[PDB]
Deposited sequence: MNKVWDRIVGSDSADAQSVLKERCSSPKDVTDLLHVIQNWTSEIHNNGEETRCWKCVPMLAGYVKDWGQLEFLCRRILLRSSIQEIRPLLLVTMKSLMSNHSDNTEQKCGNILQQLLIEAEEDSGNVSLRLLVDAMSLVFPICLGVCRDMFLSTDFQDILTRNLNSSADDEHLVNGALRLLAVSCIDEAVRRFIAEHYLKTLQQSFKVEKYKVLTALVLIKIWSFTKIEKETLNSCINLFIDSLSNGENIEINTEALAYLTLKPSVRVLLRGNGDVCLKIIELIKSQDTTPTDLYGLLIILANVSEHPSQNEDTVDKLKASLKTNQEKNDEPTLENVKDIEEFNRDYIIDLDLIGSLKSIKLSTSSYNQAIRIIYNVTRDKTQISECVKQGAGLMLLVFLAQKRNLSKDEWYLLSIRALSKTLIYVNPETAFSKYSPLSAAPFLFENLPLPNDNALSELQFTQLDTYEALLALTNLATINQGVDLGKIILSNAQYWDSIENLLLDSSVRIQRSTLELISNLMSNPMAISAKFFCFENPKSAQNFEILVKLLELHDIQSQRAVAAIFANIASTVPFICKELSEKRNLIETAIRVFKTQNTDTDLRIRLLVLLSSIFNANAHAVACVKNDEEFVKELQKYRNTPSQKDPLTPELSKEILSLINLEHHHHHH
C-alpha cells in the first residue's frame, strides 16, 4: 500500500520489520509497495525519511526475485551518492541487490555511470562530476567490473584530471576524488594506474593541509623511504592534533605493525599524550577506541627497536599517565578488552612496572577477563591473560594484587598452564615449558598464604590439581622440578592439604611417593634439595604423629645424614637438615643409638657449634647432646 510506506518513513517510532505484517499479501507488497517506492524515491527527501527508506528497502529488495521490480533502485541509489549521511545505508541496499540479480545489477550500474559521465562532460559546473566520482567510490567494492572500466577509460580520466588541475581550490571535488582513488585501490589494475599516473597530482595535493590526510591514505595503498615516512609523519602529526581520527587511527594501526613506524611513533611525544587522552576521553567512538588500543599495544610490545626505549615508553606514557587505571572505568568490547589485556601483558614484561600495574588494578582486569572467557573461549587471548597473571603473581605480594579480593581465585587459571595427567592432556591453551615454570612460581607464592591452607583447599577440591603437581615431581626440566618441590614444601606447612600424599604409609601409592621424595634429597640442583629437605623438616617439626613414623624410616635418616656430611656448607640446606634430624632424634632414641658411633657425622656437628644462622649452632648442640645421652 502507500500508507504503510508513510509509516515506515514518517517517524523513527516505527519498526519496518514489524510493518512486514502490514506487507502480508506478497503481490501488493511485491508490487504496490515497490511502485510507491519508485514514485517516492523520484525526489530527494529529508535525511530522516531517506534514512528510514534505505533501512527498510534492503529487506524487501532481498526477498523479491523479479528483476524488473527492483531495477529502478539502481538509479535511485546512485543518484544519492553525494548525500554523505546515507552512504552506508545505500551501500547495504546495493549489497542487498547482489545476492540476486548480481549480473543485472552491475550492468544497470554501468549504464548509469556511463550516463553520469556524459552529464558531467556537458556540465559547466562541478556537481555532476562530484556525483559521478561519489557513485563510483560508493559502489566500487561491489561493482568492480564496470567501475574499473569507467575509471580506466580515457574519457573519465580526462575530465577528472582536468578538473583537479583547474579546480584545485574546490575541497569537496578534490576530497571526493581522493576518496575515490583510495577506495578504488581494492583493485590491482586500478592501483597500478594510480601508482603510474597520479604520483604528481598526489605530490601537489600533499602540500595543501585539507588534502593531506586523504592523499597520504592513497599514497599508502599505492606503495608497490621518505615517501612512506612523510606519509606516516602526516598520520602521526594529524592524529596528535585530534582531527580525522577515524582515518589516522585505522591507518596507524596497520602501520604500527612495522618497527620503523613504532620507533617514529614512540619518539613523537605529542601523539603519545594525545593517544592516552583520547583513550581516556568519554567522547571518542568505540571504533576509534579500538584502533587507539591496537596502536598502543603494538607500540608497547616487547620484541623477541630497542627494549629500553620500549620500556621507557611504557613507563612514561602508559604507567606514568595511568592508562591501565582508567581502563577500569571505560566500556570495552571483547576486541578492545583483548588489546587491554595485551597492553597489560606488554607492560609486565618489565618486572619493575608490575607493582604499578597492580596498584592501577591490572590484576582485577586479568581475573575478570579470565572468568568471562572460562566457559567461552580459551583462545590465544585467554593464554596471554594467564601469562600476564603468572608474571604478576611472581613479583608482588599476592594479598595486595586483586583489590583486597582473594588472590586464590587466580589459582585455577595457573593450574591450566600446568600439564594435565597424560591420560587426558590435550589442552586448548598452548602453554610452553616456560609457562609451566612461571605458573608454578606463582602457585608457590599463593602457597605462602596462611601456611598453604587456602591453596591446599583448592587442591583438595579437585583431584586433577594434585595429579598435575605430582606429574611434575620427576619432570625433565630442572627448573620445573625445582619449582614443583618448592610448591610442595610451602604446602607442607599445614598437613591438611597434601600430607597424606607422602606420609600415609598404609597406602602403597603414598609410600612409594615417600621413597621417591627421600631419593630426591640427592638431586644435583641445590634449590631442589633445599625444598625437599624443607618438605621433610616442615611436617616433622609440626606433626608429632608423622614425625614419629619418619624417625623409623632408615632410608630417610641415612640419606639426610649423607647429604649433611657432604653439603653442610650450604646454609639453607644445612639448617633444614638440622631441623629434620633434631626432630627425628628427639622422637627416637634408638635412631640416635644408630649414629652414636658415626665419627664423621659427630665431627661435622662439632664444627658448627661455634652469619644470620643461630639455628645451626643450637641444633648441632641439641643433636650432639642426644648422642652424648647414648654414650653416658
query	finding
Missing CA stretches, deposited numbering from 1, N-terminus first	225-229, 310-334, 641-643, 666-669
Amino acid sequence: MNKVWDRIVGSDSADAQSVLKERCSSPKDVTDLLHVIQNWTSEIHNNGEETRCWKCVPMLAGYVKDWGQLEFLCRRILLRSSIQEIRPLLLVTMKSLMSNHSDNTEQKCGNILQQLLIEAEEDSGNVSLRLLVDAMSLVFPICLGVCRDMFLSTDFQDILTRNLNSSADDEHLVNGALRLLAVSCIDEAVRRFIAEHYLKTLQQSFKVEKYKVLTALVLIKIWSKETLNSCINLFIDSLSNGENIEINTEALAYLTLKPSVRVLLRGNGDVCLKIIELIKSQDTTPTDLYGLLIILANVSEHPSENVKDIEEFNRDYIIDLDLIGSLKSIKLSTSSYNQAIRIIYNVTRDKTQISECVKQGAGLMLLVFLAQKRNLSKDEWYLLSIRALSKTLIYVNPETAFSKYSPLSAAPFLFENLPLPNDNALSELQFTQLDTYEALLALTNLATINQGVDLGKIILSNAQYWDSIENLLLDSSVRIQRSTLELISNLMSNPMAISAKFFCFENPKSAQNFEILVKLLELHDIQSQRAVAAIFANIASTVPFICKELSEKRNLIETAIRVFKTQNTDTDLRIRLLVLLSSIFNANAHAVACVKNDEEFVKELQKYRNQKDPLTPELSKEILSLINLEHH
From here on, numbers count along this sequence of modelled residues.
item	value
Mean Cα B-factor comparison, 278-286 or 454-462, giving the higher one as deposited	278-286
Residue range whose averaged C-alpha B-factor is higher in the record, 435-443 or 351-359	351-359
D270, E171, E121, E522, ranked by C-alpha B-factor: the highest one	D270
Per the PDB entry, maximal CA B factor within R87, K225, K509, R562	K225
Record-listed C-alpha B factor of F415: chain third	lowest
Ranked against its chain, the third holding the CA B-factor of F601	middle
Chain-wide C-alpha B factor ranking for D572, given as lowest, middle or highest third	lowest
Ranked C-alpha temperature factor of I44 among modelled chain residues, by third	middle
CA B-factor ranking of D155, expressed as a third of its chain	lowest
